[PDB]
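Structure first, then comments.
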Amino acid sequence: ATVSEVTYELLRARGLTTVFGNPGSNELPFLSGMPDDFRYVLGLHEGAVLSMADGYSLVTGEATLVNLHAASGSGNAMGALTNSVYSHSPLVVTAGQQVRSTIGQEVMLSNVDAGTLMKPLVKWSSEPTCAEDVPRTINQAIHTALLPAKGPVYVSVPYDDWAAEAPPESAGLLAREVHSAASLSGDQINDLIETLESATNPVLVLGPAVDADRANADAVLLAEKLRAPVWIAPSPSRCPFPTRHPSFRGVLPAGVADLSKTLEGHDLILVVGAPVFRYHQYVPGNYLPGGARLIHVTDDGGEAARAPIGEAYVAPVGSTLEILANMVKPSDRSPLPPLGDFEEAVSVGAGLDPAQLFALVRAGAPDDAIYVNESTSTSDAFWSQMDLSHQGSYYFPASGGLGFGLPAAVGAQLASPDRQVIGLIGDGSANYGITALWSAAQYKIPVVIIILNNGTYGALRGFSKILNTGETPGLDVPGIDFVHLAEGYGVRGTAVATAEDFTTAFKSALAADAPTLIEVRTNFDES
Amino acid sequence: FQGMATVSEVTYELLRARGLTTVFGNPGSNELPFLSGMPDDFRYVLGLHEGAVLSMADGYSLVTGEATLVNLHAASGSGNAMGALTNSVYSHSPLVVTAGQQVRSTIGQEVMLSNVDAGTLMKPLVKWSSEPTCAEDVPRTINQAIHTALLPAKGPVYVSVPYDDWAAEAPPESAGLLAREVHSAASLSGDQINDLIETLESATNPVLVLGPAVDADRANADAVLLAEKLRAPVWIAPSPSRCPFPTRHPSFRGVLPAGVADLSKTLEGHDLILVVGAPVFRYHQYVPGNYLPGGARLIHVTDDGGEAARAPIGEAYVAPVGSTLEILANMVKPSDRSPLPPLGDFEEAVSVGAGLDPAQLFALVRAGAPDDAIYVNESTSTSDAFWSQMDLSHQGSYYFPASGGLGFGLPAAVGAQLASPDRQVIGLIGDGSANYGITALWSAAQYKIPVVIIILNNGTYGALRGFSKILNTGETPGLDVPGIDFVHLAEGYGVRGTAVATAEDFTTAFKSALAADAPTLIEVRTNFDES
Amino acid sequence: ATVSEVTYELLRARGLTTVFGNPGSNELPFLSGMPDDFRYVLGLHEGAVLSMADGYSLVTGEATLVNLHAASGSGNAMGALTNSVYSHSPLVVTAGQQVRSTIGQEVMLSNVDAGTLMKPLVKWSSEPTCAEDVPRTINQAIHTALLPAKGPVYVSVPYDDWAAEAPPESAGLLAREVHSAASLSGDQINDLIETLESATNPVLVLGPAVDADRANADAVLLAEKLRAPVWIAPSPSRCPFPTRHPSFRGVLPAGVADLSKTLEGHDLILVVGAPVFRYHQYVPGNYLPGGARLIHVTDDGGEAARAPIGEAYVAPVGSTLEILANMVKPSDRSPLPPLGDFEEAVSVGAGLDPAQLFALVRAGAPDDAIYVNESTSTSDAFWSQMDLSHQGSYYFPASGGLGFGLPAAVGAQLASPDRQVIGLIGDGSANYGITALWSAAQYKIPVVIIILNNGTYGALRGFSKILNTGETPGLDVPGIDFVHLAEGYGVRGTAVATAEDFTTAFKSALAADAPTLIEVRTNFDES
Ligand SMILES: Cc1ncc(C[n+]2csc(CCOP(=O)(O)OP(=O)(O)O)c2C)c(N)n1
Ligand SMILES: Cc1ncc(C[n+]2csc(CCOP(=O)(O)OP(=O)(O)O)c2C)c(N)n1
Ligand SMILES: Cc1ncc(C[n+]2csc(CCOP(=O)(O)OP(=O)(O)O)c2C)c(N)n1
Ligand code: NA
Ligand code: NA
Ligand code: NA
C-alpha cells in the first residue's frame, strides 16, 4: 500500500469525502489517487476555498478537508483561517510541498518553514519528518481538529511522499477513535444548580458554542424554568436561541460600559458558550454592573483562562445545558410576556433601509432558511427584524475577517440539501470572496446572495464617528456592478431598488435550481 | 515645552523624509486613527482586497526601486496578504507593511480584531517584524523597519501598531530620527577584482547567466558591455521575474530551463558559468542529474548572502551586483574571439485553432506596442512563446511573480503603471491568474490608471496540464476554469473591456487600448495544445 | 494600588507563596515589593532553580512560581523546562525584562521576542502589551498552567511595569476561579465497564498521571477486581502502583517489538495516564501483539491524538479510575499469587553493584521515603529491588533531560516536611544540577543525596552496544570527587565503597537535620 492509498482509506474512514481545493504543481500527485466516491470542490482563490470549507463545516459540525498550493496558496488563506479559529471550525488544511530533497535549496514553490507559516492561527501544524509518517500525521491532524477546543490544523506534504510505501502498522491507524468526556462531576452540578435557584433575578448570555452543540432547545428550557431574559453574547457569529421566544432581548452591545449598563439589575449573569467578552469598540468602564457575579461555561480553556472576571467551568456546553435544563426547579416568578410585534419599517430614500429589507426577507423566506450575514453596519436592523427558530440559522464571521460571507454561503448551501441558504453580504464584504460565485455556478449550488449595496464601507463611517477620525481616505466603494460580477462568473443576477421589485426578484430566486444574486440598493444613515 | 508632537505627527514627518508619500491600503476599525493624521501631499490608494493592495504596492516598488508603504487591517487583513508577500521576498522588494492593532490594554483579553502574536503571524516571510513595546517606540520602530527593508538583501518588513499609540506624546529625541541615513558598502576589495578578471580573461569559452538583481540595480548596460568584451553568450537564470538584458542583443540566448539535468545540458561546452544576480538555481520541475556540465566551474555574484550560502555548487562572492558588473565591464580586456553574429529574424507566427496561439499574440503585441513598454507577465504556460517573440531593450521591461504566487500580475500591472508616468504597462495575465487579483481592476478605474490588461483565456490552468504530463498524474480534478467572462468582470469594476479571437480584431482592440486615458481589458481567446 | 501590589495579592490568593529564583538587574523591582508571608528560594543556576521548583510542584500538586533573569537566565532553563512539559508540571515562570521604552534598541539584557524564546516548550507564553495588562496576564498564566493538560507557562514583564498604577477592575481578578469537568458521560462509562468485564485476559499499563491524580489506591482496587497484572508504562517518571502488590510485574521495555512481545497473550491492554507509548531505543515492528485491542485513558488530548494505535478517552484519570474501580464486577479468575522473594544481591568488584546498593537502601530507608532517581543505567536494578507503597514515592526526569534529579530532590524535600527524600543520581547526571546542593545548605533542607559513581556515562555505553558505534569519544567521566563538590557548597559528604560502610553512612545521613551526600563507588557491567 502507498501513503496515498492509506491516507484516502483514512479520510473515508473519518467522513472527509468532500475536498475543497485550488490546485498546483505540488498537489497533482495527491489529487491523482483520489477515489470516485470523493468530490473535489474547486475555488479560484484560496481564501474562497477555505471560507467555502468553513461554511460546509459549520452546517455539518464535521471535520472538513482543504487542499492548497505551497506557500503562495496557504498564505492567501491566512485571513480566512482567523475566522475558523474563533468559530471553532475543524478544518484540516493540507498543502502541497516541493520534492523533499530540494526544499533546502529553496527551489521555486518551496514553503520555507511550513510549520511556522500558519502559526499562530491553527491549533496544530506539521511537516512530517518522512513519507512514512504522513498517514499518522494526518490521523493526528484530524483528532486534534475535533478535540475540545475544536479548530483548524495544517499539514504540509512533499509531493513525492504520496508515492512512497506506507508503513506496516496502518490497519492500526484506521481503527483509532478519540472520545471527549461528555460531562462534569455530580458535585460540581449541585453548585451550578444551587447558584441558579439562589439568584433573585438571573440572566442567560448565550454564545455560538450553544448553536454548535445543537443545544438551542435546552437553552430554551432553562430560560423557561428560570423565567430568565436571554441575551446573545456580543459580536455573535451564530444564533443560539429562538429570536421570538418571550425570553429573547437581542445582542449585548460590544462595549465594556455599554454591556454592564444593559445588565444593570441582574445579580447573576450565566454566560454559556461564549468568551467573556468579545468587545469591539473601546468604551471603557466596569465589566459587570454593581452587585453582580458572572458564571461562565465553555469548551475552551483559553476562553476561561483569559477572561478578566468571573467563575468559569470548562465543560461541554451541550451536556452542561442539557443537565441544568432538566434538573433546575421551576421558579416562583411569572412566565415572561410575549415580545412586542415587529417594529414598522418605512423607507424614505433612493433605495431600501436595511430594517425594511430584512422585514421583506422575513416575509418571503422559508421558516428554515440559513442566513450567512457579512453586512457590518446593519446588525441592529437584522436582530430587530428576523424570526430565526431552527438550529444553524445564522453565521457571521467570528473574527470579522471579511471574505467569509459569500464563500461560506456557497459552502453552507452545498452542505444543506433541504434548507435554503440566503447570503446577506455588504458591497464591501462581497469583493473579498467574489470568486466563490464561480464555484456556485460550476457545481450548480442553489444559493441566494443578496448584496446590500450602500456605495460605502458603512461600519467604518460608524467608527469614524466613535473615534473622531472624520473624513478618512477609502470609506467609499462607488462604481461596482454586482450584476456584471455575477454574470462574469456565470451566476444570474438582478438589481433592485424598491420593496415591490425586491419581493418579486426574491420570490423568484428562492424557486431557482441555480445560484442567484440580487443587488439591493440600500440607504446609509450619515448621522 | 510647547514643541509637544504626537507619534502620528513624527511618523508622517518621517515617511515624507524617506519618500514614502504613496500609501496602499484596505482600511479598518484599527487604522482610522493612523489615516486621520495623513497630510495633503500624501496619496492613499485603496484596494478592495489586501492581496491586491500588497501586489499593487509590489509593482509600484519594482518600477521605482524605492521602499513603499502598505497599511492593512489587523490579523484578517494581514493574513489575506501572506500569499502576495511571498513574491516580495524572492523579488527583494522593500515593502514596509504596517497593520492596525486593537487598543494596547485590550489585546491580552483577545477582544474582536486583536492580532494575537502579531510578530509571529507574518514569519517566516518578512525579513523583520515588530509589535513595538510602547507608543513611544513607534517612530523608531518604523525608522528601523524602513532602513532594514532597503538593506542588502532587500525585502519586506511588518510593524503592528495599536491604534491608541498614534495619539500618544512622541519622545523628545525625534528630530534625531529624521537626520538618520544608513549606507551599504557599494563595492568589494581591489585584490578580489583581479581574481574575477583573471578568471574571466582566462576562460576559453565563458557564459554569463543573469538574474533579476541585474535589472533591479539598473546594470543592464554594464552587463551588455561585459558580454561585448568577452564575446560571451548571455542566458537569463531560470524562473526569471525580471529581464536583465536586451533580448535582441547578439549575446542573448534565452532563458535556462528550470530542471537540473536540462540546465547543465544547455551550458554543455562552457568552462566558466558566471552567474550574476540570481540564486544557483531557481529550479522548478524535479529533473535530476548533474548541476554543472563536465569541465565547468561556476562563479556566483549576489547581494543576497542567503543565496550564496544555500547554493549546492559554485564559488560565490557576496557583493553589490551594480558596482561589480560596472567594474568588470570597464576593466576586462577585449578577448581573442570574433564578435557574435546578429540573432536570426523572429520565427514566423501562423495560428490554426478557434483563437490565437500565444506565439502569434506576442508577435502582434511586439508589432503594436511601444519600444519601451513594461510587461507584467502572469501567464504560466506561454513562457517559451514570450521569449522567442518579444523585443525588450530598456531597464524594467519585464516582471513575473518571483515565487509563482498567482495574484501578482493584474495588481502589479496597476501599481507599475501608477509608478510609470512615461511608459505603457501591458499586463499579460492568464484566465486562471486573473481571478487571484481581479479586484485591482476597480483601483485602476477609480484612480484612472491607463494600464492595458490582456487576459490570455484558454479556458484552463494550462501549465498544470503541462505538469500532469511530466508528473504522470493524468486527469486531475480542477484543471479547467470554463464559464468566466472577463469583459463582464471588467465592466463590473468600471473598466472598459472587449473580447477578441482573431489577429485582425486583436490588432484593432490593442491599437485602441494603447491610445486610451483609462484602464482597458482585452480578453483574447487563446489555444492550448491538447496534442 | 500598583501592578506589584495587585500581583502579590493575587499570588497569595492562589497559594503561590513560595518563589524559586536567580535574580538580576531586571527582577529587583519585582522582588522589592515581596511580602513577609512569602519565602524566596535562591538557586545559583536557572536550570537548578527551575528543577527545584519542579520537584516542589510534583510533591504538592500545586502551581509554583519561578522568577528568572532576562534572555540569558530564561535560556539557561530551557532544558529543565522540557521535563516540566512531560511531567505535566504547572510551573509559572516569570522573567524580568528591560525598561519597556528601551527593548526595541536592544540595550544590554533585552529579551528580543520574549514570547518566541520559550516556544515551543511552555503551553503558553506572553509579554503583556502594557503594565495595565500584567496582573490579568499572570492570572491567565496560572489558570492555564492548572488546566488539563497541566504544564509550564512563561510571562516576561518589563521591570518598570511593577511601579505603574494598576487598572480599576482588579478586585474582579482575585475572585476568579476556573474548574475542569471532573468526570465523563454515563453512556461512555458503560462502554469501558463492558469492555473490561468482557476481556478474557486483560492487562493494566499505568502512567505518571495515576500518581499525579492520587489514584494509586483505585488502580489497586481495579487490579484486585480483574485479578489483572499491572505494568508501568515505559520511560516512567513516577510510580503509580505498589511494587510488592500481587499484580505488579514491573516496567514495560521502551522498544516497540520488545513491549508488544512482553504483552503477548493479552486481548485487552488498558493504558491509564501514559502516552502510547514513550519508546526510546529504536527496535522496530508491531505496536500491539496479535489479537489485542488497546484502550487509552488520558487528561492529555495531545497524547490521545498523536498515538499510532488505540481507542482513546480524554478524561480525568483520578475520576475515571475511581468510577471503574468501584463499579466493575469481581471476575471468576483466581486472586493472583504473592510475588517472588527479592532476588539475591551479592557484589564482586571494587565497589557495590546497583542491585545490592538498592537492597541496602530498601532495608535502611523509611517505608514512606520519596526517591528522586536520575541514574540512567540502573533501571532494571531499581525496580527488581525497591518496595514503594505510597503516593509520590518515585520521580524520574520525564524527558530524560539530565539536571532534574539533584535539584528536584532538594525541592521535593522542601515540600515534604515529614517524609525523607532520597536522591539516587549518577556521577554523570549530578554535574547538570550540582549547584542545588548550595540551596539545600542555605535553607537547611534535610535531603539525602546518593551519587552512584561508576566513573562513566553508563547508559551511553549500553547504547553504543545496541547501535554498534563502539569506543566513541567522551563516554568516560573520571576524576570527579563529589565529597569535595558537596563541601564546596556547604553540604556534609562521605565516600563509601563497601556494603558495611554504606549501611553506616546511610543510617547517619537519615538521622541528619541537614543535607548529606554519600558518594557510592558502583560497578558497570561492560557485557
Ligand atoms: C479582511 C478585512 N478587511 C477589512 C476589514 C475592515 N472592515 C470591517 S467593516 C468594513 C466595511 C464593509 O463594508 P460592507 O460589507 O459594505 O458593510 P456595511 O458597513 O456597508 O453594511 C470593513 C472594510 C475587515 N474586517 N476584514
Ligand atoms: C496562489 C497560487 N495558487 C495556485 C498556483 C498553481 N498554479 C500554477 S500555474 C496555475 C494555472 C494558472 O494558469 P493561467 O493563468 O490560466 O495560465 P495558463 O496556464 O493557461 O497559461 C496555477 C493555479 C499558484 N502558482 N499560485
Ligand atoms: C541534558 C542531557 N544531556 C545529555 C544527555 C545524554 N545522556 C543520557 S544518560 C547519560 C549518561 C549519564 O550517566 P550517569 O548519570 O553517570 O548514570 P549511569 O549511566 O552510569 O547509570 C547522558 C550523557 C541527557 N540525557 N540529558
Ligand atoms: Na456597504
Ligand atoms: Na489558462
Ligand atoms: Na555514570
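Is the C-alpha gyration tensor of the range C:69-168 telling us rounded, prolate or oblate? Criteria: a/c under 1.5 is rounded; beyond that, a/b larger than b/c is prolate, otherwise oblate.
Oblate is the answer for the range C:69-168, as a/c is 1.5 or above yet b/c matches or exceeds a/b.
Test of understanding: what is the full-extension gain from C:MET108 to C:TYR40, defined as 0.36 nm times their sequence separation minus their Cα-Cα distance?
In short, 21.9 nm is gained.
What are the semi-axes of the equivalent ellipsoid of the range A:331-378, taken as the square roots of 5 times the eigenvalues of the Cα gyration tensor, listed largest first and rounded to whole Å?
They are 28, 16, 12 Å, listed largest first.
Using the basic label-point model (7 angstrom from Cα toward the beta carbon), what is the C:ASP525 to C:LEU31 distance in nanometres?
Computed distance between label sites C:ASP525 and C:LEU31 equals 4.7 nm.
For the range A:207-240, list residues with backbone N below 18 Å from a point placed 7 Å from the Cα of A:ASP332 toward its Cβ?
Counting backbone N atoms under 18 Å from the label point, the list is A:225-229.
Rounded to whole Å and sorted largest first, what semi-axes of the equivalent ellipsoid does the C-alpha gyration tensor of the range B:382-529 yield via the square root of 5 times each eigenvalue?
Each semi-axis is √(5λ); the values are 25, 18, 16 Å.
What list of ³J(HN,Hα) couplings, whole Hz, do you get for the range C:308-315 from phi and the Karplus terms 6.51, -1.76, 1.60, once you set θ to phi - 60° and write x for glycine and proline?
Once rounded to whole Hz, the list reads x, 9, x, 8, 9, 10, 8, 6.
Once amide H atoms are built 1.01 Å from N in the peptide plane, which residues 5 or more positions from A:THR2, or in another chain, come under 5 Å H to H?
For A:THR2, the qualifying residues are A:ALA166.
With +1 assigned to the C-beta of every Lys and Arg and -1 to the C-beta of every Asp and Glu, and no other charges, what is the dipole magnitude of the protein assembly as shown about the Cα centre in debye, to the nearest 20?
340
I need the semi-axes of the equivalent ellipsoid of chain C: take the C-alpha gyration tensor, multiply each eigenvalue by 5, square-root it, list largest first in whole angstrom.
Over the Cα atoms of chain C, the semi-axes work out to 38, 31, 21 Å.
Please give me the summed charge of the neighbours of B:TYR90: other residues whose Cβ is under 12 Å from its Cβ, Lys and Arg +1, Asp and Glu -1.
For residues surrounding B:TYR90, the net value is -1.
Hey, how much of the P(r) for the range B:437-516 falls beyond 21 Å, as a percent of Cα pairs?
Summing the P(r) tail past 21 Å for the range B:437-516 gives 44 percent.
When a/c is below 1.5 the answer is rounded, else prolate if a/b is larger than b/c, else oblate, so apply that to the range C:328-464 with a ≥ b ≥ c taken from the square roots of the Cα gyration tensor eigenvalues.
Oblate.
Would you mind checking the pairs A:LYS119/C:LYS150; B:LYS123/C:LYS123; A:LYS261/A:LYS329; C:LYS119/C:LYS150; A:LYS465/B:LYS123; A:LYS150/C:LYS150 and listing those with alpha carbons more than 24 angstrom apart?
Distance filter (> 24 Å) returns A:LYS261/A:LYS329; A:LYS465/B:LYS123.
Once you treat every alpha carbon in the range B:138-234 as an equal point and sum by Debye, what is log10 I(q)/I(0) at q = 0.13, 0.21, 0.22, 0.24 Å⁻¹?
-0.70, -1.18, -1.24, -1.33
For the range C:1-71 and the range B:161-209, what is the separation of their C-alpha centers, rounded to whole Å?
Using only Cα atoms to place each centre, the spacing works out to 46 Å.
Taking neighbour counts of Cβ atoms within 10 Å as a proxy for exposure, in what order, fewest first, do A:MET386, B:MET56 appear?
A:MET386, B:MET56
Order by neighbour count: A:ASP54, A:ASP113, C:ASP211, fewest other Cβ atoms within 10 Å first, most last.
The fewest-first ordering by Cβ neighbours comes to A:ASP113, C:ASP211, A:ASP54.
Using θ = phi - 60° and the Karplus form 6.51 cos²θ - 1.76 cosθ + 1.60, what ³J(HN,Hα) does each residue of the range C:246-263 get, whole Hz, x for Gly and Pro?
Taking θ as phi minus 60°, the curve returns x, 5, 5, 10, x, 9, 5, x, 9, x, 5, 5, 5, 5, 5, 5, 4, 8 Hz for the range C:246-263.
For the pair C:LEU467 and C:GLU264, what calculated FRET efficiency results from E = 1/(1 + (r/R0)^6), where r is the Cβ-Cβ distance and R0 = 30 Å, to the nearest 0.05?
The calculated FRET efficiency here is 0.70.
In whole Hz, with x marking every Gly and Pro, tabulate ³J(HN,Hα) for the range B:62-69 from phi via Karplus 6.51 cos²θ - 1.76 cosθ + 1.60, θ = phi - 60°.
5, 6, 7, x, 8, 4, 9, 9
Given H placed 1.01 Å from N in the peptide plane, which residues other than close sequence neighbours of B:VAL159 have an amide H under 5 Å from its amide H?
Under 5 Å from the amide H of B:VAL159 lie the amide H atoms of B:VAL97, B:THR98, B:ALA99, B:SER130, each far enough along the sequence or on another chain.
Please compute the contact order of the range B:151-295 in relative form: average sequence separation of alpha-carbon pairs under 8 Å and at least six residues apart, divided by the residue count, as a percent.
Taking the mean separation of contacting Cα pairs over the length of the range B:151-295, I get 23 percent.
Taking the alpha-carbon set of the range B:277-389, what are its Rg and Dmax in Å?
Taking only Cα atoms of the range B:277-389, I get Rg and Dmax of 19.4, 55 Å.
With a/c under 1.5 counting as rounded, go ahead and sort the range B:211-277 into rounded, prolate or oblate using the C-alpha gyration tensor (a ≥ b ≥ c being the square roots of the eigenvalues; past the cut-off, prolate if a/b is larger than b/c, else oblate).
Here the range B:211-277 falls in the oblate category.
Would you list C:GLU5, A:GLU264 from fewest to most Cβ contacts within 10 Å?
Result, fewest neighbours first: A:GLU264, C:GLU5.
To the nearest 0.05, what FRET efficiency results for C:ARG12 and C:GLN442 with a Förster distance of 30 Å applied to their C-beta separation?
With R0 = 30 Å, the Cβ-Cβ based efficiency is 0.80.
What does the extension gain come out to for C:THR116 and C:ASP191, with contour length at 0.36 nm per residue minus their alpha carbon separation?
22.7 nm
Extending each Cα 7 Å along its Cβ direction at A:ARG362 and A:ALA511, get the distance between those two points in nm, one decimal.
If labels sit at A:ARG362 and A:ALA511, their model points lie 2.6 nm apart.
What is the distance, in nm, between label points placed 7 Å from the Cα along the Cα-to-Cβ direction at B:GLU201 and at C:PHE342?
My value for the distance between the label points is 8.8 nm.
Please report the Cα spread of the protein assembly as shown along all three principal axes, rounded to whole Å, starting with the longest.
For the protein assembly as shown, the Cα spread along each principal axis is 106, 96, 78 Å.
Taking each pair of distinct Cα atoms in the range C:267-318 once, what is the resulting Kirkwood hydrodynamic radius in Å?
11.6
Report relative contact order for chain A in percent, whole number only (criteria: Cα-Cα under 8 Å, sequence separation at least 6).
Over chain A, the number comes to 14 percent.
Would you pull out the residues with amide H under 5 Å of A:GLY423's amide H, same chain only if 5 or more places away, H placed 1.01 Å from N?
Sorted by chain and number, the residues that satisfy this are A:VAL372, A:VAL448, A:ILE449, A:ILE450.
In this analysis, Cβ positions are derived from the backbone assuming ideal geometry, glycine residues included, and neighbour counts consider all displayed protein chains. Any read-out appearing in this document is the output of simple, stated calculations on the displayed coordinates, not a laboratory observation.
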